[PDB]
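This report refers to the structure that appears directly beneath it.
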Amino acid sequence: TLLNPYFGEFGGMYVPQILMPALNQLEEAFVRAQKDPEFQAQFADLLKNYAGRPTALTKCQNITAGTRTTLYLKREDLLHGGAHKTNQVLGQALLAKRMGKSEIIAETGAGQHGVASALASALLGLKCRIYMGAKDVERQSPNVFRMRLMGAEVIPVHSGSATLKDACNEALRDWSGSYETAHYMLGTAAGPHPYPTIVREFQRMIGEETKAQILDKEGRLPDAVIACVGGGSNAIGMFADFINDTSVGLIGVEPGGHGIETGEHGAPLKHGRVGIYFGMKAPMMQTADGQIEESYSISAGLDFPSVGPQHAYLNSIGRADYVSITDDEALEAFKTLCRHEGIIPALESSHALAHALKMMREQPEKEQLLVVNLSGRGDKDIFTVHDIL
Amino acid sequence: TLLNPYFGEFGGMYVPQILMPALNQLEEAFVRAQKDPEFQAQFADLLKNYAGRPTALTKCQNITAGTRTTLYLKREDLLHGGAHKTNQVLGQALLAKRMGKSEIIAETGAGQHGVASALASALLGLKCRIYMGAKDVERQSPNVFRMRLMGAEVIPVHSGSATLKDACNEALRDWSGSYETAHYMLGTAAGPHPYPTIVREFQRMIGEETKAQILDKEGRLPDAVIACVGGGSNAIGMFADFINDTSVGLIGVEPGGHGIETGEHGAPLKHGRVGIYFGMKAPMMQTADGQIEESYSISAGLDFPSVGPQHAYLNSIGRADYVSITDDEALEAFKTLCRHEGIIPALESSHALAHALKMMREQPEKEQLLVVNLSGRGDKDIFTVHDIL
Amino acid sequence: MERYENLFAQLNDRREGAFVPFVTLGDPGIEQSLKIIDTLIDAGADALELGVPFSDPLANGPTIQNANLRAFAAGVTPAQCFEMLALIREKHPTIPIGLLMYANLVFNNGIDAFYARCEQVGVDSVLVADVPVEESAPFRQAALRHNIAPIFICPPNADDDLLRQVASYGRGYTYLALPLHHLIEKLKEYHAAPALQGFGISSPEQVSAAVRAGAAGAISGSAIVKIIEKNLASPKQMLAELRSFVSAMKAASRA
Amino acid sequence: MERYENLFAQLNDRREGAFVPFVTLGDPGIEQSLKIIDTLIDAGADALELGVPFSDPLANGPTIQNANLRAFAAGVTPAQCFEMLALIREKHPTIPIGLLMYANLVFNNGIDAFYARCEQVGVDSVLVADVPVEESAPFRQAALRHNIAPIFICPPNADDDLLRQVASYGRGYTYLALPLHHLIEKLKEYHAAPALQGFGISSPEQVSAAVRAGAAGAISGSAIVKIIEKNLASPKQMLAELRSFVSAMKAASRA
Ligand SMILES: *Cc1c(COP(=O)(O)O)cnc(C)c1O
Ligand SMILES: *Cc1c(COP(=O)(O)O)cnc(C)c1O
Ligand SMILES: [K+]
Ligand SMILES: [K+]
């Protein structure tokens, strides 16, 4: 390979031999794209004029009144599409084009990645097919209509559990036979190399902007940047530019679901064990036998049974710290932001906010400048929350 | 008054005597606010760091391929809240505060203005009560939950038709008794002076940005700027900075509903007659007797039985031209933008886009640089459209 | 116009105040409405303030709104109102009749034309609810040309300049933060048309108090509509109850 | 390890190719599975490729996926598989047994430990589906230490370097854009383990053709699972049909 597929012991390219050439060509295309000012100019123009970058950095005083915490929210909820997913989805599409490909293959659970894949493909003239498990299909009807509206072809999978992992399989089987003309658009900073690396690089503007912005508003770097961790893309995008700023804490929040002790959660980095699946060596939800399990969370966008390899690595060396947040804590954070700032955050993002509220509340006299990555908007969560309250 | 309440023969302050002092104090507060650099700095900071301004100006090549039309979309759909409504709602809230008021009174139909009113009030520490007609309540449940989530108090009206006009009445009755501590946050560029004037000024950044942006991308002003006309705020906000640029066409699109000839439309400016209602002298939907009627449209955000007085005026002198667009034309424009650009526009905005597509299609060899104000996003329309197709 | 002058004169000779009830034309129906009005006149009402059903009473409370709904369901149109007005006038030659209108219905087919019809049927005054003195120019000139009294509302949050405008602009009577004696005395100083207290006149004690403050009388708005809304089921008893109420209120103006 | 060497030698003396069927351990149940396997061996299969049920066969098609589902419903665990493997070996001492595995199940409780158990039960080779030659170091070293043959897949989109790695890394047999004669000849040149054509071997003509191309034999994957899926209702006839299929395919390797 041209780049290191590993982050310590985590990462790699655990795919059948037939898929290696596909990964190798993609890696080489990425490296050339990364050094081409033309590609960069093109990516930037799209992010700026189409997606709406740079996103705002909102200081939320109402929520922190009476404490010594100063909180800022990186406004990815204001990005075209409703979430941070759009950034990388645009870079990958430009990459598929650099490779002379006209098709895009993807798969979804909560539907958000499918929508992002469809919007990018439709914008850049790519034929897009999306694999989604039936169980997810009939449950995420809005996003399904959304995808079709944007010309994407949504293909319902029924392999066993008929869900994400079963869709990923079909997407890969398809890709092995069509990689010559089709590009597999992975949804997060996980899977086989160069994916964790590519998704990070195409999301790193989150951290870069936040740094320039906080430096602008406060004249200093934050004390900590906090982000939710489903597969790891929004978190890594935020963390990336701050990794060499040793004074900046990097906090990743995994979903605690109904409570770690209950076993119903989506927190493999801290409460699971290493395995080899999804084409990578990384911590995962699995039985004692070695059978991968499902990650639970009130927020469907956080149900990845594993995590990105760079997160597993950053946590092994002490650089980044990962915590957990329950459905109730996320629900409370959700309600708090709506009532005090007029922003309906995505239940995924609410996990990140929930932790910062905990850091503030537990030690209200502690002076701390925090940045929460508000990864997406929660208009799609107004019903879920409604059914709870 | 300090400012002219009229635009030719249109406008005025047709409110009961008791409400005149409220209008007069508001006007004086506006004039002082407009000349105070502090207020301006405060408004701008909020628009920029909270709302997400400036909005993008997207050139849409896919939709105009094979024609000599160059189209740009002013991205108000990317504004915090989903629509342009947010801009003015923030300025008015700052105005209520300049007047030492702590409460906000409003009313809604489709729910969007209620949501915007609630988000602004919640952000700036204002107690907000919103009047909404029962018929609109049970139909716009998402926005109702949204409003309550943001701390607003939603009060269901049942006066007769239990709808917008019946809510406006309750909101006004309330305001007449509480204007000392409460500010009436009007939703569009209509009603009694200084409202048409204030809403225009707090929306004019749309036109100002578009001008700087098009001048930046193309080095020339557009040939025409197109916007939908419900009550007139997004349109007037876009038109405003271009009124003195005589070479720039200003096209306002009223909803044609099922067809002008059917009588089921919301196009009083071109297919109604002057009356005195909503505290202003303006063209309206009304019986031969003088009984105001309801404006029909597939898009609930365009059901205002009247129009802003400045629009009526600009149309009397030849400055701006107004057309009509049917539900089907708006539905087609909706589908086209999703499939070709990856943007789901609000059905309100789709009326504006639909007309530009008509200007392009009818004369494909005509060279024209157009700007459509994409007033809001259509995620809230994905079901309506779904029920049609 | 004139009927008011003669009424307030006769009232002063009798050293009593005027009691003016309000009612919606056509509520709860044409036949019922005409009978109610005759009962009000029979009961002792010195004048009448009649409302014409409009889309949505832009400046009216729920009670009136609900009355309008009943009028609308009964298919009462402004044209029907004028037919009712003519007949009421044909039966009662001297009672002043004021109309409570909204700008659109007056402006609809021409302002001047509206007042011409008012003069034609025998209406004495018109108060356009949503037209403040600042927008009144065309309405009052049209009213004056047609010998109709343009009535204006003098609110509690009125100031001196407003007091002066209402005084010079208004005719027939002045529809009445500041002290009651302040308004009344300043109105008399400015030679305003006799003031009729329209706020919360729902009991006899209210009428006597108003006249006591120096108001030429009192206007009972919603009070009348109330009896109507309640007795809607038994029209015969509605009349009987209206009779008694007006008699009480009117007796309270006799000093 | 060795059983393969002896098999390919005996095959060459008989101047015939090897026919290797694939089947999922525990599909459609333990008792059924054991009986199927004996029928395959009885029918003439020269070796066996056994699959162990995993969460989701990351690199397997629908046919296999559906087979895994049946195995899961029947409550078949990897521990059960090893119990089945021991018994199969206890009955048949010379037939080579290859396992088709996924990395997680091998890595789960330790790679080395996995291969130790394979050696213990009498397994001859292991092909880890999702482990390409680039990530094979630990798996092949562990396999070698435990006298297990690490099988590698030589894809159609393979290149020369890959051909060389597979040749030096693989043992037992090579699981077989480019010309068939190209792969086979280049594999022999590089001294690769005997190549077994695994692509689309579903008919006798396929087997003869493979051997004709110079492949040491053929692996029929899904073909076997098909008969199982169809005859699921009558287990007795499933066996009968499996018997015939294997007999045909095997007869086609006898030159
Ligand atoms: C997809 C999603 C996530 C979860 O995934 P990551 O890859 O961890 O970033 C987080 N936030 C939003 C708003 C999303 O839509
Ligand atoms: C409220 C709304 C409108 C209609 O009203 P205007 O006052 O005419 O601007 C237009 N577009 C969107 C997206 C809206 O929500
Ligand atoms: K996860
Ligand atoms: K309208």
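The chains in the structure tokens are called A, B, ... from first to last as shown; in each chain the residues are counted from 1, and the ligands are counted from 1 in the order shown.
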Within 9 Å of residue B:245, counting only C-alpha atoms, which residues show up once you throw out same-chain ones fewer than 4 positions away? Write them as a PyMOL selection string, please. chain B and resi 221+241+249
Set the distance at 12 Å and use only C-alpha atoms: which residues neighbour residue A:81 once local chain neighbours fewer than 6 positions away are removed? I'd like the list as an NGL selection string. (:A and (47 or 50-52 or 87 or 89-90 or 111-120 or 143 or 146-147 or 375-380)) or (:B and (77-78 or 82 or 338 or 342-345 or 377-379))
Can I get the selection written as a compact mmCIF listing (two decimals), in the first residue's frame, with N, CA, C and O atoms?
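Output (selection.txt):
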# COMPACT_ATOMS: atom_id res chain seq x y z
N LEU A 47 -18.21 22.28 -1.48
CA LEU A 47 -18.47 22.41 -0.04
C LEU A 47 -19.00 23.81 0.29
O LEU A 47 -19.99 23.97 0.97
N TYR A 50 -22.20 24.77 -2.65
CA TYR A 50 -23.32 23.83 -2.69
C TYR A 50 -23.74 23.37 -1.30
O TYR A 50 -24.93 23.35 -0.99
N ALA A 51 -22.77 22.93 -0.51
CA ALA A 51 -23.06 22.44 0.83
C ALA A 51 -23.28 23.53 1.88
O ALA A 51 -24.02 23.31 2.85
N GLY A 52 -22.65 24.68 1.71
CA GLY A 52 -22.83 25.79 2.64
C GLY A 52 -21.75 25.99 3.69
O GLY A 52 -22.01 26.48 4.79
N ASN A 87 -20.27 16.31 3.66
CA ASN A 87 -18.89 16.65 3.32
C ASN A 87 -18.10 15.56 2.59
O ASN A 87 -17.54 15.78 1.51
N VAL A 89 -19.21 12.59 1.48
CA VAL A 89 -20.01 12.03 0.42
C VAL A 89 -19.72 12.79 -0.89
O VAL A 89 -19.65 12.19 -1.96
N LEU A 90 -19.42 14.08 -0.78
CA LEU A 90 -19.09 14.91 -1.94
C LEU A 90 -17.66 14.63 -2.43
O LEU A 90 -17.39 14.62 -3.64
N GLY A 111 -30.96 5.62 7.18
CA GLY A 111 -31.26 6.31 5.94
C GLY A 111 -30.43 7.54 5.60
O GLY A 111 -30.28 7.87 4.42
N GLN A 112 -29.85 8.18 6.61
CA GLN A 112 -29.07 9.38 6.37
C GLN A 112 -27.92 9.23 5.38
O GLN A 112 -27.69 10.13 4.57
N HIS A 113 -27.17 8.13 5.44
CA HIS A 113 -26.06 7.98 4.50
C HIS A 113 -26.58 7.74 3.08
O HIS A 113 -25.97 8.19 2.12
N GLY A 114 -27.71 7.05 2.97
CA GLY A 114 -28.30 6.78 1.67
C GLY A 114 -28.71 8.09 1.02
O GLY A 114 -28.45 8.32 -0.16
N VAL A 115 -29.32 8.97 1.80
CA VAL A 115 -29.75 10.27 1.33
C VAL A 115 -28.56 11.10 0.88
O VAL A 115 -28.62 11.77 -0.14
N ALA A 116 -27.50 11.10 1.68
CA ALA A 116 -26.31 11.85 1.35
C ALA A 116 -25.66 11.30 0.08
O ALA A 116 -25.18 12.06 -0.76
N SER A 117 -25.63 9.97 -0.03
CA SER A 117 -25.06 9.30 -1.21
C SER A 117 -25.87 9.68 -2.45
O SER A 117 -25.32 10.03 -3.48
N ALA A 118 -27.19 9.62 -2.33
CA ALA A 118 -28.10 9.96 -3.41
C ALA A 118 -28.00 11.43 -3.82
O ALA A 118 -27.98 11.75 -5.01
N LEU A 119 -27.91 12.34 -2.85
CA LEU A 119 -27.81 13.75 -3.19
C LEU A 119 -26.51 14.07 -3.92
O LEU A 119 -26.51 14.86 -4.87
N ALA A 120 -25.41 13.46 -3.49
CA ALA A 120 -24.12 13.70 -4.13
C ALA A 120 -24.09 13.13 -5.55
O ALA A 120 -23.65 13.79 -6.48
N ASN A 143 -36.77 8.82 4.43
CA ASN A 143 -35.49 8.79 3.76
C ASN A 143 -35.51 7.93 2.48
O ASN A 143 -34.78 8.21 1.54
N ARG A 146 -37.06 10.04 -0.05
CA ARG A 146 -36.05 11.06 -0.28
C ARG A 146 -35.01 10.57 -1.30
O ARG A 146 -34.70 11.26 -2.26
N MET A 147 -34.48 9.37 -1.06
CA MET A 147 -33.49 8.78 -1.95
C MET A 147 -34.02 8.61 -3.37
O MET A 147 -33.38 9.04 -4.33
N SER A 375 -23.25 17.49 15.04
CA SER A 375 -23.23 16.70 13.81
C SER A 375 -24.44 16.75 12.85
O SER A 375 -24.27 16.56 11.64
N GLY A 376 -25.64 16.99 13.38
CA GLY A 376 -26.83 17.06 12.53
C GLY A 376 -28.05 17.64 13.23
O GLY A 376 -28.04 17.85 14.46
N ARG A 377 -29.11 17.89 12.46
CA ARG A 377 -30.35 18.43 12.99
C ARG A 377 -31.31 17.33 13.37
O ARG A 377 -31.26 16.23 12.82
N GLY A 378 -32.19 17.65 14.30
CA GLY A 378 -33.13 16.67 14.81
C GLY A 378 -34.56 16.75 14.39
O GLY A 378 -35.41 16.14 15.04
N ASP A 379 -34.84 17.43 13.29
CA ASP A 379 -36.22 17.52 12.82
C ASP A 379 -36.75 16.11 12.59
O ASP A 379 -37.91 15.82 12.90
N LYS A 380 -35.86 15.21 12.18
CA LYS A 380 -36.25 13.82 11.96
C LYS A 380 -36.47 13.07 13.26
O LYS A 380 -36.99 11.95 13.25
N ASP B 77 -32.79 27.90 1.97
CA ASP B 77 -33.19 26.61 2.50
C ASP B 77 -32.13 26.11 3.50
O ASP B 77 -32.39 25.20 4.26
N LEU B 78 -30.94 26.69 3.44
CA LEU B 78 -29.84 26.32 4.30
C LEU B 78 -29.76 27.18 5.55
O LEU B 78 -28.81 27.06 6.34
N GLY B 82 -34.79 26.29 8.30
CA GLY B 82 -35.35 25.72 7.08
C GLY B 82 -35.87 26.74 6.08
O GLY B 82 -36.14 26.36 4.93
N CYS B 338 -34.92 17.84 -7.15
CA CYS B 338 -34.44 16.72 -6.35
C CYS B 338 -33.59 15.81 -7.23
O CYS B 338 -32.45 15.47 -6.88
N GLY B 342 -30.07 17.47 -6.33
CA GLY B 342 -29.96 16.87 -5.01
C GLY B 342 -30.46 17.78 -3.90
O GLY B 342 -30.04 17.65 -2.75
N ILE B 343 -31.34 18.70 -4.25
CA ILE B 343 -31.93 19.66 -3.32
C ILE B 343 -33.44 19.51 -3.34
O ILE B 343 -34.06 19.55 -4.40
N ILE B 344 -34.01 19.27 -2.16
CA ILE B 344 -35.45 19.13 -1.97
C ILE B 344 -35.94 20.52 -1.59
O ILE B 344 -35.72 20.96 -0.45
N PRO B 345 -36.55 21.25 -2.54
CA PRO B 345 -37.04 22.60 -2.24
C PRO B 345 -38.44 22.60 -1.60
O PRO B 345 -39.20 21.65 -1.73
N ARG B 377 -36.54 24.80 2.59
CA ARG B 377 -36.36 23.40 2.25
C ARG B 377 -37.67 22.65 2.28
O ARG B 377 -38.59 23.04 3.00
N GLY B 378 -37.72 21.57 1.52
CA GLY B 378 -38.94 20.80 1.41
C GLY B 378 -39.04 19.48 2.11
O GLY B 378 -39.91 18.68 1.77
N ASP B 379 -38.20 19.25 3.11
CA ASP B 379 -38.25 17.99 3.84
C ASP B 379 -39.65 17.83 4.42
O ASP B 379 -40.20 16.73 4.43
Could you give me, as JSON lines, every chain A residue with an atom at most 7 Å from ligand 1, plus its closest atom pair and distance in Å to one decimal, counting only C-alpha atoms and all ligand atoms, rows ordered by chain then number?
{"residue": "A:83", "atom": "CA", "partner": "ligand 1", "partner_atom_place_in_ligand_line": "13 (C)", "distance": 4.7}
{"residue": "A:84", "atom": "CA", "partner": "ligand 1", "partner_atom_place_in_ligand_line": "13 (C)", "distance": 6.5}
{"residue": "A:85", "atom": "CA", "partner": "ligand 1", "partner_atom_place_in_ligand_line": "1 (C)", "distance": 6.3}
{"residue": "A:112", "atom": "CA", "partner": "ligand 1", "partner_atom_place_in_ligand_line": "15 (O)", "distance": 5.5}
{"residue": "A:113", "atom": "CA", "partner": "ligand 1", "partner_atom_place_in_ligand_line": "1 (C)", "distance": 6.3}
{"residue": "A:187", "atom": "CA", "partner": "ligand 1", "partner_atom_place_in_ligand_line": "7 (O)", "distance": 6.9}
{"residue": "A:188", "atom": "CA", "partner": "ligand 1", "partner_atom_place_in_ligand_line": "7 (O)", "distance": 4.4}
{"residue": "A:189", "atom": "CA", "partner": "ligand 1", "partner_atom_place_in_ligand_line": "7 (O)", "distance": 6.2}
{"residue": "A:228", "atom": "CA", "partner": "ligand 1", "partner_atom_place_in_ligand_line": "8 (O)", "distance": 6.1}
{"residue": "A:229", "atom": "CA", "partner": "ligand 1", "partner_atom_place_in_ligand_line": "8 (O)", "distance": 4.0}
{"residue": "A:230", "atom": "CA", "partner": "ligand 1", "partner_atom_place_in_ligand_line": "8 (O)", "distance": 3.3}
{"residue": "A:231", "atom": "CA", "partner": "ligand 1", "partner_atom_place_in_ligand_line": "8 (O)", "distance": 3.9}
{"residue": "A:232", "atom": "CA", "partner": "ligand 1", "partner_atom_place_in_ligand_line": "8 (O)", "distance": 3.6}
{"residue": "A:233", "atom": "CA", "partner": "ligand 1", "partner_atom_place_in_ligand_line": "7 (O)", "distance": 3.8}
{"residue": "A:234", "atom": "CA", "partner": "ligand 1", "partner_atom_place_in_ligand_line": "9 (O)", "distance": 3.8}
{"residue": "A:235", "atom": "CA", "partner": "ligand 1", "partner_atom_place_in_ligand_line": "9 (O)", "distance": 5.9}
{"residue": "A:301", "atom": "CA", "partner": "ligand 1", "partner_atom_place_in_ligand_line": "2 (C)", "distance": 4.9}
{"residue": "A:302", "atom": "CA", "partner": "ligand 1", "partner_atom_place_in_ligand_line": "4 (C)", "distance": 5.1}
{"residue": "A:346", "atom": "CA", "partner": "ligand 1", "partner_atom_place_in_ligand_line": "13 (C)", "distance": 5.4}
{"residue": "A:348", "atom": "CA", "partner": "ligand 1", "partner_atom_place_in_ligand_line": "11 (N)", "distance": 4.9}
{"residue": "A:349", "atom": "CA", "partner": "ligand 1", "partner_atom_place_in_ligand_line": "11 (N)", "distance": 5.5}
{"residue": "A:375", "atom": "CA", "partner": "ligand 1", "partner_atom_place_in_ligand_line": "13 (C)", "distance": 4.3}
{"residue": "A:376", "atom": "CA", "partner": "ligand 1", "partner_atom_place_in_ligand_line": "13 (C)", "distance": 3.3}
{"residue": "A:377", "atom": "CA", "partner": "ligand 1", "partner_atom_place_in_ligand_line": "13 (C)", "distance": 6.2}
Print the selection's residues with N, CA and C atoms to a file, as an mmCIF file, in the first residue's frame.
data_model
loop_
_atom_site.group_PDB
_atom_site.id
_atom_site.type_symbol
_atom_site.label_atom_id
_atom_site.label_comp_id
_atom_site.auth_asym_id
_atom_site.auth_seq_id
_atom_site.Cartn_x
_atom_site.Cartn_y
_atom_site.Cartn_z
ATOM 1 N N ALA A 83 -26.803 16.986 8.027
ATOM 2 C CA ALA A 83 -25.701 16.423 8.799
ATOM 3 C C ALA A 83 -24.355 16.562 8.136
ATOM 4 N N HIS A 84 -23.315 16.243 8.901
ATOM 5 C CA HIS A 84 -21.921 16.287 8.454
ATOM 6 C C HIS A 84 -21.626 15.291 7.308
ATOM 7 N N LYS A 85 -22.426 14.233 7.233
ATOM 8 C CA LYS A 85 -22.294 13.157 6.205
ATOM 9 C C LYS A 85 -22.020 13.734 4.780
ATOM 10 N N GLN A 112 -29.851 8.178 6.608
ATOM 11 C CA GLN A 112 -29.069 9.379 6.367
ATOM 12 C C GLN A 112 -27.919 9.231 5.381
ATOM 13 N N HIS A 113 -27.169 8.133 5.443
ATOM 14 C CA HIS A 113 -26.063 7.977 4.500
ATOM 15 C C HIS A 113 -26.580 7.738 3.085
ATOM 16 N N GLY A 187 -20.036 4.785 4.337
ATOM 17 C CA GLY A 187 -20.638 5.810 5.169
ATOM 18 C C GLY A 187 -19.943 6.370 6.396
ATOM 19 N N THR A 188 -18.861 5.758 6.839
ATOM 20 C CA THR A 188 -18.196 6.260 8.027
ATOM 21 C C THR A 188 -16.705 5.989 7.997
ATOM 22 N N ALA A 189 -16.000 6.426 9.039
ATOM 23 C CA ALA A 189 -14.553 6.257 9.106
ATOM 24 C C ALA A 189 -14.160 4.892 9.638
ATOM 25 N N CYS A 228 -20.079 12.751 19.130
ATOM 26 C CA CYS A 228 -20.649 11.422 19.264
ATOM 27 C C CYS A 228 -19.889 10.457 18.355
ATOM 28 N N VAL A 229 -19.930 9.180 18.698
ATOM 29 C CA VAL A 229 -19.210 8.185 17.916
ATOM 30 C C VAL A 229 -20.079 7.015 17.499
ATOM 31 N N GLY A 230 -20.571 7.074 16.263
ATOM 32 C CA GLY A 230 -21.376 5.993 15.725
ATOM 33 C C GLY A 230 -20.349 5.085 15.072
ATOM 34 N N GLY A 231 -19.852 5.507 13.912
ATOM 35 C CA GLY A 231 -18.817 4.758 13.231
ATOM 36 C C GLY A 231 -17.520 5.528 13.380
ATOM 37 N N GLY A 232 -17.637 6.810 13.706
ATOM 38 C CA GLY A 232 -16.465 7.633 13.902
ATOM 39 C C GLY A 232 -16.130 8.769 12.965
ATOM 40 N N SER A 233 -16.930 9.026 11.917
ATOM 41 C CA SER A 233 -16.604 10.114 10.978
ATOM 42 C C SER A 233 -16.728 11.552 11.460
ATOM 43 N N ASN A 234 -17.826 11.906 12.125
ATOM 44 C CA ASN A 234 -17.946 13.295 12.596
ATOM 45 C C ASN A 234 -16.930 13.575 13.706
ATOM 46 N N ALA A 235 -16.709 12.570 14.547
ATOM 47 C CA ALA A 235 -15.761 12.692 15.647
ATOM 48 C C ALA A 235 -14.367 12.857 15.117
ATOM 49 N N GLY A 301 -28.933 6.363 14.110
ATOM 50 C CA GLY A 301 -27.709 6.741 13.436
ATOM 51 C C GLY A 301 -26.467 6.345 14.200
ATOM 52 N N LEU A 302 -26.651 5.797 15.400
ATOM 53 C CA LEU A 302 -25.530 5.374 16.235
ATOM 54 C C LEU A 302 -25.476 3.856 16.464
ATOM 55 N N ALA A 346 -29.857 16.646 16.426
ATOM 56 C CA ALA A 346 -30.088 15.248 16.094
ATOM 57 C C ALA A 346 -29.841 14.458 17.380
ATOM 58 N N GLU A 348 -28.348 11.933 17.736
ATOM 59 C CA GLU A 348 -26.973 11.446 17.703
ATOM 60 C C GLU A 348 -26.118 12.506 18.379
ATOM 61 N N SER A 349 -26.257 13.730 17.888
ATOM 62 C CA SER A 349 -25.531 14.884 18.397
ATOM 63 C C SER A 349 -25.865 15.154 19.872
ATOM 64 N N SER A 375 -23.255 17.493 15.039
ATOM 65 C CA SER A 375 -23.234 16.699 13.808
ATOM 66 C C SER A 375 -24.441 16.752 12.850
ATOM 67 N N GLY A 376 -25.644 16.986 13.375
ATOM 68 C CA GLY A 376 -26.830 17.059 12.533
ATOM 69 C C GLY A 376 -28.052 17.635 13.233
ATOM 70 N N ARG A 377 -29.107 17.888 12.457
ATOM 71 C CA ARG A 377 -30.351 18.431 12.986
ATOM 72 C C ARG A 377 -31.307 17.331 13.367
#
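Backbone DSSP assigns strand (DSSP E) in stretch 27-253 of chain C to residues 48, 49, 50, 51, 97, 98, 99, 100, 101, 125, 126, 127, 128, 149, 150, 152, 153, 174, 175, 195, 196, 197, 217, 218, 219 and 220 of chain C.
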Using only C-alpha atoms and all ligand atoms, which residues have at least one atom no more than 6 Å from ligand 4? Output them as a PDB file with N, CA and C atoms, in the first residue's frame.
ATOM      1  N   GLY B 230     -46.211  34.697  -1.013  1.00  0.00           N
ATOM      2  CA  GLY B 230     -47.277  34.257  -0.132  1.00  0.00           C
ATOM      3  C   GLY B 230     -47.823  35.556   0.433  1.00  0.00           C
ATOM      4  N   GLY B 231     -47.078  36.145   1.365  1.00  0.00           N
ATOM      5  CA  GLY B 231     -47.464  37.421   1.927  1.00  0.00           C
ATOM      6  C   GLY B 231     -46.524  38.472   1.368  1.00  0.00           C
ATOM      7  N   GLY B 266     -54.391  31.323  -4.906  1.00  0.00           N
ATOM      8  CA  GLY B 266     -54.005  32.257  -3.866  1.00  0.00           C
ATOM      9  C   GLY B 266     -53.277  33.369  -4.582  1.00  0.00           C
ATOM     10  N   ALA B 267     -53.922  33.935  -5.595  1.00  0.00           N
ATOM     11  CA  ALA B 267     -53.286  34.987  -6.378  1.00  0.00           C
ATOM     12  C   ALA B 267     -54.100  36.277  -6.452  1.00  0.00           C
ATOM     13  N   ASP B 303     -50.901  30.349   1.519  1.00  0.00           N
ATOM     14  CA  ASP B 303     -52.333  30.637   1.621  1.00  0.00           C
ATOM     15  C   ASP B 303     -52.684  31.968   2.301  1.00  0.00           C
ATOM     16  N   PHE B 304     -52.094  33.067   1.851  1.00  0.00           N
ATOM     17  CA  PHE B 304     -52.421  34.364   2.426  1.00  0.00           C
ATOM     18  C   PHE B 304     -53.460  34.954   1.464  1.00  0.00           C
ATOM     19  N   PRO B 305     -54.653  35.318   1.971  1.00  0.00           N
ATOM     20  CA  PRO B 305     -55.707  35.882   1.121  1.00  0.00           C
ATOM     21  C   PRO B 305     -55.406  37.254   0.544  1.00  0.00           C
ATOM     22  N   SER B 306     -54.254  37.804   0.886  1.00  0.00           N
ATOM     23  CA  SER B 306     -53.875  39.118   0.416  1.00  0.00           C
ATOM     24  C   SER B 306     -52.389  39.101   0.079  1.00  0.00           C
ATOM     25  N   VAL B 307     -51.791  40.276  -0.088  1.00  0.00           N
ATOM     26  CA  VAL B 307     -50.368  40.404  -0.413  1.00  0.00           C
ATOM     27  C   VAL B 307     -49.824  41.697   0.165  1.00  0.00           C
TER      28      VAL B 307
END
Neighbour list for residue D:242 as a list in words, cut-off 10 Å, only C-alpha atoms, skip fewer than 4 positions in-chain | residues 36, 37, 39, 40, 43, 223, 224, 225, 226, 227, 228, 231, 237, 238, 246 and 247 of chain D
